[PDB]
Amino acid sequence: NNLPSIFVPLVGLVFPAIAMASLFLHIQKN
Amino acid sequence: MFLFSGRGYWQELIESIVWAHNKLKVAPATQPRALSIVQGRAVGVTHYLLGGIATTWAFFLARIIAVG
Amino acid sequence: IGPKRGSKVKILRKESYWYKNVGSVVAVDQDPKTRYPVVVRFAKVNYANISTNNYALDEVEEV
Amino acid sequence: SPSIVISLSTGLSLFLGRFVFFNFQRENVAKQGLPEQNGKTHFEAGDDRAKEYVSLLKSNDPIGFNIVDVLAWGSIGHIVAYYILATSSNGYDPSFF
Amino acid sequence: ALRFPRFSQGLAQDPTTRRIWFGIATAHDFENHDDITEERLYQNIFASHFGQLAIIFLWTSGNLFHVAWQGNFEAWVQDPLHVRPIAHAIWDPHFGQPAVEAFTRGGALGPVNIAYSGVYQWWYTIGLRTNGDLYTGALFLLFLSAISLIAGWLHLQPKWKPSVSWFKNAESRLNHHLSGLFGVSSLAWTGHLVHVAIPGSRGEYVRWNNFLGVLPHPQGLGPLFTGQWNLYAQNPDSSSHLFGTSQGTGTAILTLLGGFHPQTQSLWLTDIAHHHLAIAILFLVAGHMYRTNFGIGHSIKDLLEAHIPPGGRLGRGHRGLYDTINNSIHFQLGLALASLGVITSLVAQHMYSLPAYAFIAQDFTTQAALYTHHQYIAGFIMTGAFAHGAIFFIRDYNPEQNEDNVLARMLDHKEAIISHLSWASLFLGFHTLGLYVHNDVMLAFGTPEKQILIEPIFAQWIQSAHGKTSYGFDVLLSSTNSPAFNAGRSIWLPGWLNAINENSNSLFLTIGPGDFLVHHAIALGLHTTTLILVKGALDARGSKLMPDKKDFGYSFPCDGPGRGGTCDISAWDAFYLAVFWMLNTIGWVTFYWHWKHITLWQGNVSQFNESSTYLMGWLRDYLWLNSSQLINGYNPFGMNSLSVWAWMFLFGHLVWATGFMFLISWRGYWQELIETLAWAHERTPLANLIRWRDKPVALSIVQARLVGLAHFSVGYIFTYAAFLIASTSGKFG
Amino acid sequence: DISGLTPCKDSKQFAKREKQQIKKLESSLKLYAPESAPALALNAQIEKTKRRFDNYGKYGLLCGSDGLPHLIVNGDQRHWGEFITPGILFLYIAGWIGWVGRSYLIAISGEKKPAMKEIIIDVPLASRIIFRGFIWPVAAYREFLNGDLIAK
Amino acid sequence: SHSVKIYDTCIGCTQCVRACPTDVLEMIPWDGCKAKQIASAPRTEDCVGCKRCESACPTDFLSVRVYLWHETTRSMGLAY
Ligand code: CLA
Ligand code: CLA
Ligand code: CLA
Ligand code: CLA
Ligand code: CLA
Ligand SMILES: CC1=C(/C=C/C(C)=C/C=C/C(C)=C/C=C/C=C(C)/C=C/C=C(C)/C=C/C2=C(C)CCCC2(C)C)C(C)(C)CCC1
Ligand SMILES: CC1=C(/C=C/C(C)=C/C=C/C(C)=C/C=C/C=C(C)/C=C/C=C(C)/C=C/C2=C(C)CCCC2(C)C)C(C)(C)CCC1
Ligand SMILES: CC1=C(C/C=C(\C)CCC[C@H](C)CCC[C@H](C)CCCC(C)C)C(=O)c2ccccc2C1=O
């Protein structure tokens, strides 16, 4: 098991960073 | 109430109030007008300061007289 | 060409502050090419501190 | 007997619809025409699904009785008959209302 | 057209940062996007509906899955009154050892949260007893969400795209919604209650693999078709019945007993099934009114046009209203929002006096949380209704087509309505404040007997008309001999009077002088909020200060300093100002409800009966007294399980104060500060290599007002939720 | 009697409250000398409290369970003096004030600049106008009948 | 750039032209008034939105109207 120890860091940290980078790049694009 | 709102709403309400007065022939010669922006800001800040200072005064005096 | 001086007229312009009120005509322009000849004075001031206005021939009704 | 009551109610409702209230219903449905949006019928506006089923309503009966009238009056009669049966089944007594 | 706001070039041309800020703000205003048509707007609305349905289904599926995976449903069902439900587990790298040891509750082996939603009782009542059922439900809901997304994608395609003439078919839509959406669903729910829930209540198990071999009634379908329906109400459950067991049960499936089940203190399931059956029958009968392709029915246009009174007291009547409603979607949104708000308020008022779930009456925190949640939602919806009504007046009103109908007459005499509303609000506020201040002064001087206490005789008389014998009157149902009493005695009053005459339940609680002032304060709040919203809606098109308000739009900052200064002149500002009054009124209502119920539960009712007639009693006996356990969540010595709530408490306060910053300070100061900061950034070494792409500017006026309002509301809600839950859960009584 | 209320002379909590108040007053009274003025003031306070309680008992109010008097605004003939008569008196006074103000406004409306008359009141005209409010209901009724009350 | 419009109720008192801080409005000859002139707003792209022209205009309602519209560097009053 131990699913929370793998899933909580993923949703908390990695996914927000990926989404922020993608949104910033899409916004700044001309 | 004086720090979150603006003059136009109060003027538009006073218009309807003045109409209701006009229907009964009690219209004053001095036409009522809403307060100016600077006047509203001054009233708001004065009331804020007075309320806060009076609250602190009452609390301090009550505590220090009842316990000391 | 317009109402005589001194007569009382009623305003029929929705835009004006004195809508459906009574004013006094002071003068009327005689040029046929003037759009708003009639000059009216009111006893009460609007939100601005003026108390005079100009109207056309189809906006003032004699009372 | 449920059969007797159901048959009586349905027959009486159909007789009332066919012979008594036919003209009134026709006049009232003629007064209020098809529903309209912006002055045009729903089919005229461009809705193909709102086309009247003219073929279905055609009938060989002399006065014009069609399937829809039969269905409506039979439904009314059945509702009345089952109300009567259900009310007569139980033994509720108002006791001086 | 080339930047981020692809739906608006004007917002995509400017180089400042507001292009970002407004880009999120106007993404759902389909009528503002350039190159827009009716077809595209309707299709986008349809797709948004499908997406919303998918999101709702996914949320419900996630809740079910988490309850199944990390809950204690199987342990809770055995002993409902001595087990605390569990919502989900807690994983936190920031937790210390004391927090881990203190947050372990129930039968769990680690930190968990206690579920105050109340879904355990709801799922237990309907017949779920195992985790496999929850897993199956979650799978089904996930499938439904996927189906909704697929349908949305399919109907966004060109081949299956509908036309505008399809979206404007009111009669067919009304018939279908009244017949299939409301009636067939109730019939199916009645079938479920008869087939699954009731046998589960009596100890039997009926599932997908054996529901065709079990007869819900020993007689069968014979009595229903033949006519003797009373055979379905022959052997009801006895008063000694124990829920979920085969001791003292019965065979009836549809009854009209009334009252509450003795053990569970909830409504009988057979009553619920009977109610749903009757409701479904009524809806199925009534869903046949309007005309369709079959040549029989009613036309709404003729129905509206035919209603004009002789004598011309109503103008032209209802002529032209059909086109006005059909062409405009804001009118429909306003009507739907008003109806939904009324329904939500009714649900909130009904679910606490007539509970329908087993063992939910003895869970006080769930009751309080549900009531507060539903009341706040209803308030927000009611505000939105008037907001969209004002939007409709601004955008979709045609003066020429609505000549001298009811709408024109409504717009004709706004002054009288506004003046009368102002008079009522002033009257109520003046007298309520005066009475409260007089009582407070009388208590302060030490002579409580000089208070002004007025009995609510009208409400007490109404209560006595229902069969309550705590006052003295014998009217209608209270009198032993009467037409109503004799007519109804044989069927439903034997249980209704017993339920209403008990003092433990919350059905028609006794009232006194303390409720009079609170009810008048509630009326004052309602009147003032209605006055604000009505003035904002009516004065939208124009006034004397600005006779061309309709040209600028629904939302705009101001009209400059001329004519004495015109701030907050738009209707958006009117909604903005009414939000505060809505929040205050809902707060008063929730305070009254919570205090009355907490005193009732604690065992002493004299505290509320005595201290609620002056405001110092409200301040001392409600907030200061009940905050003692909440503020002690963490202290220098240690902490307990309430600590998190305490944190949230403080958190809420902070947000509230932050709102004030956006609500008093205005733009010019911050613009000058931003200019100075830009100069400072440009001039410094080793940091001028990095340069921005969008010029930083201060927030706009309407944007700052919106931000302040959002902060205010968030702080309000979080603070009250934390206080209520902590205070109600610390004592559990 | 009404809504499960007890007459205030019968109720025991009323006498209990009176006893508590008298004891609280005497607790402070015991401190000062008998001849001192504070003793006289406290004795006067005690006499006033006793008289107030006696009058409240005499007037026939209905204390509740908590022992405090309650007011009935139904219109019952036994409790007309609690609400209805003061209401009539207040309505008369308010009508007097409103009629006097409206009459003064109409009287000063004739002049060229009524604003200077509003900011600086004239006393003789107001004194003449004030006493006409003693008959305000009759004048208001007659003006309503004629049609001079409502502007056109 | 905001939108500035002039209506025919103008009487040519030249207050709006003097009040403008960015030289947006000017005066042209006209025919339907005693002053024989009327205002105009050629340099619309230089408008900032201060609404001083509306502040200085004698009429029942303003004969010069300013409607806020798409913003740019000039209309935002930015010097950096
Ligand atoms: C949303 C989920 C989330 C999660 C799961 C974490 C998780 C964690 N926090 Mg962070 N944090 C968050 C949000 C979150 N935070 C937010 C919103 C804030 C603002 C208030 C902070 C502010 C914060 C502070 C102020 C501190 C932490 C620290 C910690 C660590 C505590 C464990 C420990 O005791 O140290 C165990 C020992 C460690 C130092 C871990 C070392 C290994 C780490 C995980 C690095 C792995 C490297 C990798 C390349 C990371 C970059 C990849 C990128 C995609 C993220 C852990 C990594 C503590 C910390 O990191 O110490 C400096 C700490 O002091 N957090
Ligand atoms: C009989 C068949 C039929 C059915 C079943 C529906 C059903 C539906 N249509 Mg309609 N529709 C039909 C015919 C039908 N339509 C026809 C013929 C047309 C063409 C004229 C349309 C035109 C149409 C349009 C244009 C749209 C819909 C939409 C919808 C959906 C509404 C949203 C929603 O889910 O409400 C849920 C409703 C309810 C649950 C019913 C009860 C509501 C009350 C307030 C609740 C009672 C409370 C009760 C105590 C519940 C307790 C809860 C429990 C947890 C305790 C829904 C799926 C809208 C949509 O969402 O599209 C996806 C949409 O935009 N329809
Ligand atoms: C039934 C659903 C419903 C629907 C479909 C609409 C539809 C519409 N509304 Mg209405 N409205 C509703 C209910 C609804 N409304 C309610 C209940 C209210 C009362 C609050 C309003 C009040 C309202 C106003 C005041 C306005 C509209 C307007 C609009 C239109 C613009 C949408 C938009 O721009 O938003 C996109 C907006 C956003 C994405 C940004 C704001 C998001 C808020 C601030 C989030 C709050 C933050 C969050 C909770 C923080 C969490 C933090 C955490 C710690 C908890 C759109 C057609 C606008 C209009 O001009 O119409 C022409 C308009 O000005 N509506
Ligand atoms: C708790 C403080 C507070 C109070 C008391 C009020 C009070 C009022 N609001 Mg305001 N308001 C507030 C905060 C407050 N507001 C906030 C935060 C907002 C959000 C911006 C608003 C926005 C707002 C709107 C949008 C509206 C009002 C309106 C009203 C009035 C409602 C009618 C009524 O109740 O009359 C009862 C009257 C009173 C309680 C006023 C106080 C009377 C004092 C105590 C008596 C003076 C006597 C004494 C001798 C004093 C002498 C002074 C000394 C120097 C000699 C009333 C004046 C509505 C309106 O104007 O209706 C006409 C309206 O439309 N308010
Ligand atoms: C001005 C508006 C007003 C409003 C909005 C309310 C609102 C409310 N009242 Mg209150 N009430 C008012 C004035 C008002 N009241 C007055 C003047 C009295 C007499 C003292 C009362 C006494 C009262 C009682 C005894 C009760 C309520 C209750 C309630 C609630 C239910 C409605 C009701 O029962 O109908 C009652 C409605 C009215 C009597 C209409 C009055 C409207 C006129 C215009 C008021 C002014 C009339 C004038 C003073 C009378 C003549 C004077 C007389 C001496 C000749 C509701 C919150 C009931 C409740 O639910 O309590 C929990 C209840 O038990 N009210
Ligand atoms: C051929 C012919 C004839 C005859 C005819 C007839 C005889 C007919 C009949 C008809 C009919 C006979 C019909 C019927 C119909 C029916 C219906 C349409 C029904 C309905 C129903 C319903 C709707 C129900 C419902 C319900 C349910 C289901 C459950 C419970 C409740 C209720 C009851 C509500 C003659 C000789 C004359 C002439 C020549 C030709
Ligand atoms: C702005 C606007 C709008 C909106 C509006 C709104 C939002 C409204 C609301 C409204 C409301 C919210 C209302 C309500 C009402 C209610 C009522 C009217 C009720 C009634 C009731 C009754 C009548 C009852 C009775 C009874 C009793 C008492 C008991 C039992 C028996 C019986 C049932 C008989 C619109 C869109 C239109 C458009 C235009 C503008
Ligand atoms: C409430 C409010 C008003 C309305 C406030 C008004 C009209 C002030 C009213 C003051 C007194 C109560 C008016 C009457 C004064 C006379 C001396 C009364 C003489 C009669 C007897 C009482 C003696 C504004 O005009 C305003 C303007 C700008 C921002 C905020 C606000 C604001 O919040």
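Residues numbered from 1 in each chain as written, not as in the entry; some residues may be left out. Chains lettered and ligands numbered in written order. Part of a larger assembly, values for the part shown. Heavy atoms only, no water.

- Method of determination for the deposited model, per the PDB record: cryo-EM, at 3.13 Å resolution.

### Section: the overall build of chain D
Stage number 1. On a plain count of helices and strands, chain D comes out with five helices and two strands.
Stage number 2. Listing every helix and strand of chain D by position from the N terminus yields α-α-β-β-α-α-α.
Stage number 3. The C-alpha atoms of chain D give a radius of gyration of 19 Å, which is well past the 13 Å a tight globule of 97 residues would have.
Stage number 4. With the principal axes as the frame, chain D shows a C-alpha extent of 60 × 35 × 25 Å.
Stage number 5. Look at the contacts in chain D between residues 6 or more apart in sequence, and 72% of them connect residues 24 or more apart.
Stage number 6. Charge-centre separation for chain D: the mean point of 7 positive side chains lies 6 Å from the mean point of 9 negative side chains. (Helix = DSSP H or I, 4+ residues; strand = E, 2+ residues; numbered from the N terminus. Rg over C-alpha atoms; globule rule 2.2 N^0.38 Å. Contact = heavy atoms within 4.5 Å. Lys, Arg positive; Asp, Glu negative; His and termini not counted. Charge placed at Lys NZ, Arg CZ, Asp CG, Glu CD.)

### Thoughts on the side chain of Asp271(E)
Residue and element names in this part refer to chain E.
Stage number 1. By secondary structure assignment, the location of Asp271 is in helix α11 (residues 269–286).
Stage number 2. No salt bridge is formed by the buried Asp271; its nearest oppositely charged neighbour, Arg202, is found at 10 Å.
Stage number 3. Separated by 3.2 Å, the side chain of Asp271 and the backbone nitrogen of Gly258 make a polar contact.
Stage number 4. Not counting residues within four places of it along the chain, the set of residues in contact with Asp271 comprises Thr255, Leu256, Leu257 and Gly258. (Buried < 20%, exposed > 50% of the residue type's maximum accessible area, 1.4 Å probe, protein only. Salt bridge = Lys/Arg side-chain N within 4 Å of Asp/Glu carboxyl O. Polar contact = N/O pair within 3.5 Å; in protein donor to acceptor, adjacent residues only side chain to side chain.)

### Some words on the interface of chain E and chain D
Stage number 1. Between chain E and chain D, the contact holds 33 residues from the first and 33 residues from the second.
Stage number 2. Regarding the contact of chain E and chain D, the summed buried area is about 2800 Å², with carbon and sulfur atoms giving 51% of it.
Stage number 3. The interface formed by chain E and chain D includes one salt bridge.
Stage number 4. Two residues, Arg291(E) and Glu52(D), come together in a salt bridge whose shortest N-O distance is 3.3 Å.
Stage number 5. Run the count over chain E and chain D and you get eleven residue pairs in polar contact.
Stage number 6. In terms of residue count, the dominant contributor to the side of chain E that touches chain D is helix α13 (residues 321–327) of chain E (four residues). (Buried area = accessible area lost by both parts, 1.4 Å probe.)

### Quick look at the site of ligand 8
Residue and element names in this part refer to chain B.
Stage number 1. Contacts to ligand 8 come from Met1, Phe2, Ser5, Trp10, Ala34 and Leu35.
Stage number 2. At a separation of 3.2 Å, an oxygen atom of ligand 8 approaches a polar backbone atom of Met1.
Stage number 3. Residue classes in the shell around ligand 8 are distributed as five nonpolar, one polar and no charged. (Near = heavy atom within 4 Å. Nonpolar A, V, L, I, M, F, W, Y, C, P; charged D, E, K, R; others polar.)

### Examining the state of the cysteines
Stage number 1. Overall, the coordinates contain one disulfide over all chains when judged by the stated rule.
Stage number 2. The disulfide bridge from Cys8(F) ends at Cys63(F), spanning 2.0 Å between sulfur atoms. Here the residue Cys8(F) occupies a position in the loop between β1 (6–7) and α1 (12–29), and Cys63(F) occupies one in strand β2 (residues 62–63), the gap between them amounting to 55 residues. Judged on exposure class, the residue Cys8(F) and its partner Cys63(F) are both buried.
Stage number 3. Between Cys558(E), a free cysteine, and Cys567(E), which holds the nearest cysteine sulfur, the sulfur-to-sulfur gap is 6.0 Å.
Stage number 4. On the accessibility criterion, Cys558(E) (31% relative accessible area) is partly exposed.
Stage number 5. Here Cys20(G) stays unpaired: no disulfide links it, and the sulfur of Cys50(G), its closest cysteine neighbor, is 6.2 Å away. (Disulfide = S-S within 2.5 Å.)

### Looking at the packing of aromatic side chains
Stage number 1. Per the counting criterion, the structure on display carries 64 aromatic pairs over all chains.
Stage number 2. Grouped by ring-pair contacts, the aromatic residues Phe4(B), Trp572(E), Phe575(E), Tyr576(E), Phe580(E), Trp656(E), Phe660(E), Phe712(E) and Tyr716(E) constitute a single cluster.
Stage number 3. Of note, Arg18(E) hangs over the ring of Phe22(E), and the distance from its end group to the ring centre comes to 4.3 Å.
Stage number 4. Over the face of the ring belonging to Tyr17(C) we find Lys544(E), whose NZ or CZ atom lies 5.0 Å from the ring centre. (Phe/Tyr/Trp six-rings, centres within 6.5 Å; stacked < 30°, edge-to-face > 60°. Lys NZ or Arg CZ within 6 Å of the ring centre and 35° of its normal.)

### Structural notes on the side chain of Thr10(D)
Residues and elements named next belong to chain D.
Stage number 1. Residue placement: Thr10 occurs in helix α1 (residues 2–19).
Stage number 2. Taking relative accessible area as the criterion, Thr10 reaches 14% and is therefore assigned buried.
Stage number 3. Setting aside residues no more than four positions away along its own chain, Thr10 makes contact with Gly74, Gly77 and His78.

### A few points about the UniProt feature "transmembrane region" in chain D
Residue and element names in this part refer to chain D.
Stage number 1. Annotation from UniProt places "transmembrane region" at residues 4–24 and 67–87.
Stage number 2. With 90% helix and 0% strand, residues 4–24 has end C-alpha atoms that lie 29 Å from one another.
Stage number 3. Along residues 67–87, the helical share is 100% and the strand share 0%, with 30 Å between the first and last C-alpha atoms. (UniProt positions renumbered as here; feature names shortened; annotations may be inferred.)

### Points about the site of ligand 4
Stage number 1. Among the 17 residues in the neighbourhood of ligand 4, the closest are listed as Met1(B), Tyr9(B), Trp10(B), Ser425(E) and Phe430(E).
Stage number 2. Contact between ligand 4 and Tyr9(B): an oxygen atom at 2.5 Å from a side-chain N or O atom of the residue.
Stage number 3. Of all the secondary structure elements, the ones that give two or more residues to the shell around ligand 4 are α1 (7–22) of chain B together with α17 (414–445), α21 (513–538) and α23 (571–602) of chain E.

### Digging into the nonpolar core
Stage number 1. In this structure, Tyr554(E), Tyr576(E) and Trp618(E) are the most contacted members of the largest nonpolar core, which totals 51 residues.
Stage number 2. Looking at this core, the elements that each hand over two or more residues are α15 (364–395), α21, α23, α25 (615–631), α26 (643–664) and α28 (701–731) of chain E.
Stage number 3. Among the elements that make up this core, the one with the highest residue count is α23(E) (16 residues).
Stage number 4. Leave out the neighbours within four places in its chain, and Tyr576(E) touches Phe4(B), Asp568(E), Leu663(E), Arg705(E) and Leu709(E).
Stage number 5. Membership of the second largest hydrophobic core comes to 33 residues, among which are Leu64(E), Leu193(E), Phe243(E) and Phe359(E). (Core = buried A, V, L, I, M, F, W, Y, C linked by side-chain atoms within 4.5 Å.)

### As for the arrangement of the chains
Stage number 1. The assembly contains nine pairs of chains in contact; the pair sharing the most contacts is chains D and E.
Stage number 2. Looking at chain D next to chain G, you find no contact at all, with the nearest C-alpha pair sitting 34 Å apart.
Stage number 3. Kept free of each other, chain F and chain G leave a smallest C-alpha distance of 23 Å between them.

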